[PDB]
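Engineer: Quick one, work.pdb (PDB, N, CA and C atoms):
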```pdb
ATOM      1  N   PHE A   1     -48.400   0.986 -37.089
ATOM      2  CA  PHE A   1     -48.011   2.391 -36.720
ATOM      3  C   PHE A   1     -48.581   2.754 -35.344
ATOM      4  N   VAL A   2     -48.024   3.769 -34.690
ATOM      5  CA  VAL A   2     -48.479   4.157 -33.349
ATOM      6  C   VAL A   2     -50.005   4.361 -33.310
ATOM      7  N   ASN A   3     -50.622   3.875 -32.240
ATOM      8  CA  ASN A   3     -52.084   3.852 -32.061
ATOM      9  C   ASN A   3     -52.537   5.099 -31.267
ATOM     10  N   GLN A   4     -53.490   5.880 -31.791
ATOM     11  CA  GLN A   4     -54.019   7.055 -31.075
ATOM     12  C   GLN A   4     -55.342   6.773 -30.375
ATOM     13  N   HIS A   5     -55.872   5.564 -30.520
ATOM     14  CA  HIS A   5     -57.181   5.235 -29.915
ATOM     15  C   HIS A   5     -57.048   4.974 -28.410
ATOM     16  N   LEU A   6     -58.087   5.358 -27.654
ATOM     17  CA  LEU A   6     -58.117   5.177 -26.198
ATOM     18  C   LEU A   6     -59.229   4.218 -25.869
ATOM     19  N   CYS A   7     -58.859   3.027 -25.413
ATOM     20  CA  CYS A   7     -59.876   2.010 -25.197
ATOM     21  C   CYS A   7     -59.703   1.342 -23.843
ATOM     22  N   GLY A   8     -60.815   0.919 -23.247
ATOM     23  CA  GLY A   8     -60.764   0.153 -22.026
ATOM     24  C   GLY A   8     -60.031   0.838 -20.921
ATOM     25  N   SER A   9     -59.119   0.104 -20.293
ATOM     26  CA  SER A   9     -58.393   0.666 -19.162
ATOM     27  C   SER A   9     -57.636   1.940 -19.574
ATOM     28  N   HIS A  10     -57.208   2.014 -20.827
ATOM     29  CA  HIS A  10     -56.512   3.210 -21.302
ATOM     30  C   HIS A  10     -57.448   4.416 -21.355
ATOM     31  N   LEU A  11     -58.712   4.166 -21.685
ATOM     32  CA  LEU A  11     -59.723   5.232 -21.698
ATOM     33  C   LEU A  11     -60.029   5.689 -20.258
ATOM     34  N   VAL A  12     -60.151   4.738 -19.338
ATOM     35  CA  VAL A  12     -60.391   5.103 -17.950
ATOM     36  C   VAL A  12     -59.231   5.938 -17.398
ATOM     37  N   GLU A  13     -58.006   5.542 -17.733
ATOM     38  CA  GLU A  13     -56.815   6.270 -17.273
ATOM     39  C   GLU A  13     -56.790   7.674 -17.867
ATOM     40  N   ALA A  14     -57.214   7.797 -19.118
ATOM     41  CA  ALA A  14     -57.287   9.110 -19.767
ATOM     42  C   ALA A  14     -58.250  10.036 -19.029
ATOM     43  N   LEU A  15     -59.421   9.515 -18.689
ATOM     44  CA  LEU A  15     -60.391  10.320 -17.938
ATOM     45  C   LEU A  15     -59.851  10.672 -16.574
ATOM     46  N   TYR A  16     -59.185   9.721 -15.915
ATOM     47  CA  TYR A  16     -58.619   9.981 -14.599
ATOM     48  C   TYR A  16     -57.670  11.189 -14.676
ATOM     49  N   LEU A  17     -56.844  11.208 -15.716
ATOM     50  CA  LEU A  17     -55.877  12.276 -15.893
ATOM     51  C   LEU A  17     -56.542  13.592 -16.256
ATOM     52  N   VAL A  18     -57.371  13.594 -17.286
ATOM     53  CA  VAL A  18     -57.876  14.901 -17.727
ATOM     54  C   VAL A  18     -58.918  15.455 -16.791
ATOM     55  N   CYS A  19     -59.711  14.601 -16.143
ATOM     56  CA  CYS A  19     -60.756  15.192 -15.326
ATOM     57  C   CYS A  19     -60.278  15.603 -13.954
ATOM     58  N   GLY A  20     -59.184  15.011 -13.510
ATOM     59  CA  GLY A  20     -58.622  15.406 -12.222
ATOM     60  C   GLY A  20     -59.631  15.392 -11.088
ATOM     61  N   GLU A  21     -59.599  16.419 -10.256
ATOM     62  CA  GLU A  21     -60.498  16.464  -9.104
ATOM     63  C   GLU A  21     -61.982  16.644  -9.448
ATOM     64  N   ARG A  22     -62.304  16.910 -10.718
ATOM     65  CA  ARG A  22     -63.703  16.983 -11.108
ATOM     66  C   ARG A  22     -64.319  15.598 -11.095
ATOM     67  N   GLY A  23     -63.500  14.583 -11.353
ATOM     68  CA  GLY A  23     -63.991  13.211 -11.432
ATOM     69  C   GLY A  23     -64.821  12.946 -12.692
ATOM     70  N   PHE A  24     -65.430  11.762 -12.767
ATOM     71  CA  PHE A  24     -66.177  11.396 -13.963
ATOM     72  C   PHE A  24     -66.974  10.125 -13.687
ATOM     73  N   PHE A  25     -67.952   9.877 -14.546
ATOM     74  CA  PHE A  25     -68.727   8.639 -14.542
ATOM     75  C   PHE A  25     -68.248   7.784 -15.721
ATOM     76  N   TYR A  26     -68.205   6.455 -15.567
ATOM     77  CA  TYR A  26     -67.826   5.571 -16.670
ATOM     78  C   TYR A  26     -68.531   4.238 -16.561
ATOM     79  N   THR A  27     -68.943   3.671 -17.698
ATOM     80  CA  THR A  27     -69.484   2.304 -17.728
ATOM     81  C   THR A  27     -68.945   1.578 -18.954
ATOM     82  N   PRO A  28     -68.358   0.406 -18.784
ATOM     83  CA  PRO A  28     -67.886  -0.354 -19.941
ATOM     84  C   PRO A  28     -69.023  -1.095 -20.630
ATOM     85  N   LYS A  29     -68.776  -1.507 -21.861
ATOM     86  CA  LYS A  29     -69.776  -2.325 -22.535
ATOM     87  C   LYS A  29     -69.699  -3.804 -22.129
ATOM     88  N   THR A  30     -68.538  -4.256 -21.666
ATOM     89  CA  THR A  30     -68.181  -5.707 -21.218
ATOM     90  C   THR A  30     -67.917  -5.869 -19.718
TER
ATOM     91  N   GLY B   1     -70.977   8.250 -28.397
ATOM     92  CA  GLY B   1     -70.472   8.554 -27.017
ATOM     93  C   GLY B   1     -68.960   8.441 -26.972
ATOM     94  N   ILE B   2     -68.427   8.269 -25.768
ATOM     95  CA  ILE B   2     -66.976   8.339 -25.610
ATOM     96  C   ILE B   2     -66.281   7.198 -26.333
ATOM     97  N   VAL B   3     -66.923   6.039 -26.376
ATOM     98  CA  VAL B   3     -66.272   4.894 -27.006
ATOM     99  C   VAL B   3     -66.164   5.105 -28.515
ATOM    100  N   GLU B   4     -67.279   5.433 -29.138
ATOM    101  CA  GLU B   4     -67.210   5.683 -30.560
ATOM    102  C   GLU B   4     -66.312   6.861 -30.908
ATOM    103  N   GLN B   5     -66.281   7.872 -30.055
ATOM    104  CA  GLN B   5     -65.484   9.035 -30.347
ATOM    105  C   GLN B   5     -63.970   8.887 -30.090
ATOM    106  N   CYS B   6     -63.629   8.138 -29.047
ATOM    107  CA  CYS B   6     -62.237   8.099 -28.579
ATOM    108  C   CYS B   6     -61.571   6.755 -28.765
ATOM    109  N   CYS B   7     -62.371   5.690 -28.803
ATOM    110  CA  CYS B   7     -61.845   4.341 -28.993
ATOM    111  C   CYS B   7     -61.975   3.902 -30.446
ATOM    112  N   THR B   8     -63.182   3.963 -30.997
ATOM    113  CA  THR B   8     -63.331   3.607 -32.415
ATOM    114  C   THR B   8     -62.718   4.641 -33.337
ATOM    115  N   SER B   9     -62.988   5.911 -33.060
ATOM    116  CA  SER B   9     -62.384   7.013 -33.764
ATOM    117  C   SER B   9     -61.302   7.599 -32.831
ATOM    118  N   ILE B  10     -60.823   8.798 -33.138
ATOM    119  CA  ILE B  10     -59.789   9.491 -32.351
ATOM    120  C   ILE B  10     -60.396  10.781 -31.851
ATOM    121  N   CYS B  11     -60.245  11.047 -30.562
ATOM    122  CA  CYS B  11     -60.869  12.234 -30.001
ATOM    123  C   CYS B  11     -59.870  13.282 -29.555
ATOM    124  N   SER B  12     -60.341  14.520 -29.463
ATOM    125  CA  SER B  12     -59.500  15.645 -29.063
ATOM    126  C   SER B  12     -59.660  15.913 -27.565
ATOM    127  N   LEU B  13     -58.796  16.762 -27.002
ATOM    128  CA  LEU B  13     -58.826  17.010 -25.566
ATOM    129  C   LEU B  13     -60.158  17.543 -25.088
ATOM    130  N   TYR B  14     -60.718  18.510 -25.806
ATOM    131  CA  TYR B  14     -61.986  19.065 -25.308
ATOM    132  C   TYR B  14     -63.149  18.089 -25.418
ATOM    133  N   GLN B  15     -63.099  17.181 -26.387
ATOM    134  CA  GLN B  15     -64.132  16.150 -26.482
ATOM    135  C   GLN B  15     -64.000  15.292 -25.222
ATOM    136  N   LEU B  16     -62.778  14.880 -24.882
ATOM    137  CA  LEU B  16     -62.606  14.044 -23.708
ATOM    138  C   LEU B  16     -63.033  14.798 -22.447
ATOM    139  N   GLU B  17     -62.663  16.077 -22.333
ATOM    140  CA  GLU B  17     -62.983  16.846 -21.130
ATOM    141  C   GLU B  17     -64.482  17.004 -20.939
ATOM    142  N   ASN B  18     -65.221  16.994 -22.033
ATOM    143  CA  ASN B  18     -66.653  17.154 -21.934
ATOM    144  C   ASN B  18     -67.376  15.981 -21.251
ATOM    145  N   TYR B  19     -66.706  14.848 -21.107
ATOM    146  CA  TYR B  19     -67.287  13.690 -20.396
ATOM    147  C   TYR B  19     -67.012  13.738 -18.891
ATOM    148  N   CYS B  20     -66.249  14.722 -18.428
ATOM    149  CA  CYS B  20     -65.973  14.786 -17.000
ATOM    150  C   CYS B  20     -67.145  15.375 -16.228
ATOM    151  N   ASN B  21     -67.130  15.178 -14.921
ATOM    152  CA  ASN B  21     -68.105  15.824 -14.079
ATOM    153  C   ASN B  21     -67.849  17.313 -13.885
TER
END
```
Would you kindly transcribe this structure into structure tokens?

Structural biologist:
Amino acid sequence: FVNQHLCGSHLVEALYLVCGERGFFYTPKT
Amino acid sequence: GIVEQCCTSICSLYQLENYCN
């Protein structure tokens, strides 16, 4: 069934979109 | 943190927004 989880590059893209010009910090586990 | 909340589980918009600068 359709996946609602945001992981990896998809999570980074999500932050890019929602945070907009505010920006954000991110660190992967891998 | 964001991984457990949004990747392992499912997160809402305001949870995600709270990780922004």

Engineer: When the ChimeraX specification (/B@CA @<9) & /A@CA is applied to the file above, which residues end up in the set, as a list in words?

Structural biologist: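 With the ChimeraX specification (/B@CA @<9) & /A@CA on this model, the match is residues 4, 5, 6, 7, 8, 11, 14, 15, 18, 19, 20, 22, 23, 24, 25, 26 and 28 of chain A.
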
Engineer: What does the structure give for the distance between atom N of residue A:17 and atom CA of residue A:3, in Å to one decimal?

Structural biologist: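 Between atom N of residue A:17 and atom CA of residue A:3 the gap is 18.5 Å.
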
Engineer: Can you tell me how far atom CA of residue A:29 sits from atom CA of residue A:13, in Å to one decimal?

Structural biologist: 16.4 Å

Engineer: Can you patch up chain B, filling it in to N, CA, C and O atoms, and show the result as a PDB file, in the frame of the given file?

Structural biologist:
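File produced: part-v4.pdb:
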```pdb
ATOM      1  N   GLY B   1     -70.977   8.250 -28.397  1.00  0.00           N
ATOM      2  CA  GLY B   1     -70.472   8.554 -27.017  1.00  0.00           C
ATOM      3  C   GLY B   1     -68.960   8.441 -26.972  1.00  0.00           C
ATOM      4  O   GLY B   1     -68.302   8.442 -27.995  1.00  0.00           O
ATOM      5  N   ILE B   2     -68.427   8.269 -25.768  1.00  0.00           N
ATOM      6  CA  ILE B   2     -66.976   8.339 -25.610  1.00  0.00           C
ATOM      7  C   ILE B   2     -66.281   7.198 -26.333  1.00  0.00           C
ATOM      8  O   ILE B   2     -65.168   7.340 -26.819  1.00  0.00           O
ATOM      9  N   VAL B   3     -66.923   6.039 -26.376  1.00  0.00           N
ATOM     10  CA  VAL B   3     -66.272   4.894 -27.006  1.00  0.00           C
ATOM     11  C   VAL B   3     -66.164   5.105 -28.515  1.00  0.00           C
ATOM     12  O   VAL B   3     -65.101   4.987 -29.144  1.00  0.00           O
ATOM     13  N   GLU B   4     -67.279   5.433 -29.138  1.00  0.00           N
ATOM     14  CA  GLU B   4     -67.210   5.683 -30.560  1.00  0.00           C
ATOM     15  C   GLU B   4     -66.312   6.861 -30.908  1.00  0.00           C
ATOM     16  O   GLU B   4     -65.582   6.853 -31.918  1.00  0.00           O
ATOM     17  N   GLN B   5     -66.281   7.872 -30.055  1.00  0.00           N
ATOM     18  CA  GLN B   5     -65.484   9.035 -30.347  1.00  0.00           C
ATOM     19  C   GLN B   5     -63.970   8.887 -30.090  1.00  0.00           C
ATOM     20  O   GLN B   5     -63.126   9.442 -30.818  1.00  0.00           O
ATOM     21  N   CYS B   6     -63.629   8.138 -29.047  1.00  0.00           N
ATOM     22  CA  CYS B   6     -62.237   8.099 -28.579  1.00  0.00           C
ATOM     23  C   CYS B   6     -61.571   6.755 -28.765  1.00  0.00           C
ATOM     24  O   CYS B   6     -60.327   6.689 -28.786  1.00  0.00           O
ATOM     25  N   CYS B   7     -62.371   5.690 -28.803  1.00  0.00           N
ATOM     26  CA  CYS B   7     -61.845   4.341 -28.993  1.00  0.00           C
ATOM     27  C   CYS B   7     -61.975   3.902 -30.446  1.00  0.00           C
ATOM     28  O   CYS B   7     -60.991   3.522 -31.079  1.00  0.00           O
ATOM     29  N   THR B   8     -63.182   3.963 -30.997  1.00  0.00           N
ATOM     30  CA  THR B   8     -63.331   3.607 -32.415  1.00  0.00           C
ATOM     31  C   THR B   8     -62.718   4.641 -33.337  1.00  0.00           C
ATOM     32  O   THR B   8     -61.999   4.289 -34.293  1.00  0.00           O
ATOM     33  N   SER B   9     -62.988   5.911 -33.060  1.00  0.00           N
ATOM     34  CA  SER B   9     -62.384   7.013 -33.764  1.00  0.00           C
ATOM     35  C   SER B   9     -61.302   7.599 -32.831  1.00  0.00           C
ATOM     36  O   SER B   9     -60.918   6.945 -31.855  1.00  0.00           O
ATOM     37  N   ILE B  10     -60.823   8.798 -33.138  1.00  0.00           N
ATOM     38  CA  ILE B  10     -59.789   9.491 -32.351  1.00  0.00           C
ATOM     39  C   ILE B  10     -60.396  10.781 -31.851  1.00  0.00           C
ATOM     40  O   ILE B  10     -60.984  11.537 -32.640  1.00  0.00           O
ATOM     41  N   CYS B  11     -60.245  11.047 -30.562  1.00  0.00           N
ATOM     42  CA  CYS B  11     -60.869  12.234 -30.001  1.00  0.00           C
ATOM     43  C   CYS B  11     -59.870  13.282 -29.555  1.00  0.00           C
ATOM     44  O   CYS B  11     -58.699  12.983 -29.303  1.00  0.00           O
ATOM     45  N   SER B  12     -60.341  14.520 -29.463  1.00  0.00           N
ATOM     46  CA  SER B  12     -59.500  15.645 -29.063  1.00  0.00           C
ATOM     47  C   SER B  12     -59.660  15.913 -27.565  1.00  0.00           C
ATOM     48  O   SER B  12     -60.572  15.382 -26.936  1.00  0.00           O
ATOM     49  N   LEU B  13     -58.796  16.762 -27.002  1.00  0.00           N
ATOM     50  CA  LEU B  13     -58.826  17.010 -25.566  1.00  0.00           C
ATOM     51  C   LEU B  13     -60.158  17.543 -25.088  1.00  0.00           C
ATOM     52  O   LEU B  13     -60.689  17.087 -24.059  1.00  0.00           O
ATOM     53  N   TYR B  14     -60.718  18.510 -25.806  1.00  0.00           N
ATOM     54  CA  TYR B  14     -61.986  19.065 -25.308  1.00  0.00           C
ATOM     55  C   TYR B  14     -63.149  18.089 -25.418  1.00  0.00           C
ATOM     56  O   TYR B  14     -64.117  18.191 -24.663  1.00  0.00           O
ATOM     57  N   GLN B  15     -63.099  17.181 -26.387  1.00  0.00           N
ATOM     58  CA  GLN B  15     -64.132  16.150 -26.482  1.00  0.00           C
ATOM     59  C   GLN B  15     -64.000  15.292 -25.222  1.00  0.00           C
ATOM     60  O   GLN B  15     -64.978  15.023 -24.552  1.00  0.00           O
ATOM     61  N   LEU B  16     -62.778  14.880 -24.882  1.00  0.00           N
ATOM     62  CA  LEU B  16     -62.606  14.044 -23.708  1.00  0.00           C
ATOM     63  C   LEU B  16     -63.033  14.798 -22.447  1.00  0.00           C
ATOM     64  O   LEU B  16     -63.737  14.250 -21.597  1.00  0.00           O
ATOM     65  N   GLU B  17     -62.663  16.077 -22.333  1.00  0.00           N
ATOM     66  CA  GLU B  17     -62.983  16.846 -21.130  1.00  0.00           C
ATOM     67  C   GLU B  17     -64.482  17.004 -20.939  1.00  0.00           C
ATOM     68  O   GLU B  17     -64.958  17.156 -19.830  1.00  0.00           O
ATOM     69  N   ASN B  18     -65.221  16.994 -22.033  1.00  0.00           N
ATOM     70  CA  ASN B  18     -66.653  17.154 -21.934  1.00  0.00           C
ATOM     71  C   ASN B  18     -67.376  15.981 -21.251  1.00  0.00           C
ATOM     72  O   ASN B  18     -68.526  16.129 -20.834  1.00  0.00           O
ATOM     73  N   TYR B  19     -66.706  14.848 -21.107  1.00  0.00           N
ATOM     74  CA  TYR B  19     -67.287  13.690 -20.396  1.00  0.00           C
ATOM     75  C   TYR B  19     -67.012  13.738 -18.891  1.00  0.00           C
ATOM     76  O   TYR B  19     -67.489  12.898 -18.141  1.00  0.00           O
ATOM     77  N   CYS B  20     -66.249  14.722 -18.428  1.00  0.00           N
ATOM     78  CA  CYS B  20     -65.973  14.786 -17.000  1.00  0.00           C
ATOM     79  C   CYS B  20     -67.145  15.375 -16.228  1.00  0.00           C
ATOM     80  O   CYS B  20     -68.052  15.960 -16.792  1.00  0.00           O
ATOM     81  N   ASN B  21     -67.130  15.178 -14.921  1.00  0.00           N
ATOM     82  CA  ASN B  21     -68.105  15.824 -14.079  1.00  0.00           C
ATOM     83  C   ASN B  21     -67.849  17.313 -13.885  1.00  0.00           C
ATOM     84  O   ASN B  21     -66.913  17.925 -14.357  1.00  0.00           O
TER      85      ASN B  21
END
```
